[PDB]
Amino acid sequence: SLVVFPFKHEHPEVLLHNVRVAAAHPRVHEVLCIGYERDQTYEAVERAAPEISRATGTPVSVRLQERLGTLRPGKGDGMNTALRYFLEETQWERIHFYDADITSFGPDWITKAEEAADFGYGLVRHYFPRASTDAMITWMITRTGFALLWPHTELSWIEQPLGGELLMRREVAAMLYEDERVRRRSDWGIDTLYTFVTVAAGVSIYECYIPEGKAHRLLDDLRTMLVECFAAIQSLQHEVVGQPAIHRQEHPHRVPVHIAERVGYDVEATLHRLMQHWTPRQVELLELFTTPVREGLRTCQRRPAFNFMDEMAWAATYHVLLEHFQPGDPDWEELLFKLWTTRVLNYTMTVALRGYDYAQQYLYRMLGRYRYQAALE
């Protein structure tokens, strides 16, 4: 089996450790790191490779991501390049991906996925305990989209559709490398595409729970990712899903305390950020949205406002966005950012602040309400 770690700008020791771990695992045939560009991290790994290959008996290689897609050159190009390397330079049966920034990696992650594949699953997704204000792109953008657009499918049930930890069988990887929609997503949209396409193709999915968290590197640092993940959904909005998928979730443990109590984003800076980067055009664009959202987002010019951005309003807003949002347009991008920011704040003050369990229950019930609403059409 091949284990891939896509990396951009990571601390070498961090990644090297993970490579060590995967290299030492009895079911791993080869390790490939897939870099954005030849940098500090890249050279550090190119160098350590031999010492590690001798120690473990496992080939270890670094390669550069090639431009296989047509959006921003980002993580999608990396993953896809690894897909190509996997299929064209190796004859291994299964491929894993794990983020490079991870600091809680262990052999048991590899084991759990390998054993689930042995059981018969086509794709294995690792999911993790999250803090109640973590993964607001996942919930408010991805899962919501899937719920509103394909309410009868397994799509909105996928726990972490944006997660980069997974395992594919050779044929699944091949199908994905063949898909033009997949190939195109060179940017942060890659993960959404793997999720969408594997489910749409009727691959059988298992999600395994990693009880210890996912420890990696820690609101507007997220802006590109927000737009690109929203773009991905938008680009798929006309696709049809023509078959069911076997889909099963390892039962989750109670969240660890240090994760439930993890700090979270900066509320003050977020509120302040809602009042910044306005332009008249942003203000004319709001004309496209419903009155409460329009009035709401406009008030943010003078002071932060978010009570208006409830569940229903978010869904309204989502539909307007689906139809009018233009990736690449700086005013649309900022506007999506503000809009999503208010939703996040709303969820934080009216739901998350009521407690971990409450917030979790709320999120699942939200998706359900969205599914039912969409199915009535």
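In this text, residue numbers run from 1 along the sequence as written.
Asks: What size is the break between residue 218 and residue 219 in terms of deposited sequence residues left without coordinates: none, 1 to 3, 4 to 9, or 10 or more?
Replies: Missing residues, residue 218 to residue 219: 1 to 3.
Asks: On average, which has the higher Cα B-factor in the deposited entry, 138-146 or 164-172?
Replies: Mean CA B-factor is higher for 164-172.
Asks: Identify the stretch, either 117-125 or 256-264, whose C-alpha atoms have the larger mean B-factor according to the entry.
Replies: According to the entry, 256-264 carries the higher average C-alpha B-factor.
Asks: So if I compare the CA B-factors in the entry for 204, 195, 90, 111, which one is the largest?
Replies: Of the options given, 90 has the highest CA B-factor in the PDB entry.
Asks: Based on what the PDB entry reports, which of 342, 326, 40, 348 has the top C-alpha B-factor?
Replies: So the option with the highest C-alpha B-factor is 40.
Asks: Taking the entry's C-alpha B-factors for this chain, is residue 36 in the lowest, middle or highest third?
Replies: Ranked within chain, residue 36 CA B lands in the highest tercile.
Asks: If you rank every modelled residue in this chain by C-alpha B factor, which third holds residue 213: lowest, middle or highest?
Replies: Its C-alpha B-factor, which the entry lists for residue 213, ranks in the highest third among residues of this chain.
Asks: Comparing residue 70 with the other modelled residues of its chain, is its CA B-factor in the lowest, middle or highest third?
Replies: It belongs to the middle third of the chain when residues are ordered by C-alpha B-factor.
Asks: Mind checking which third residue 97 falls in for C-alpha B-factor across the chain?
Replies: For residue 97, the deposited C-alpha B-factor lands in the lowest third.
Asks: Please say which third, lowest, middle or highest, residue 244 falls into when its CA temperature factor is compared across its chain.
Replies: As the PDB entry reports it, the C-alpha B-factor of residue 244 lands in the highest third of its chain.
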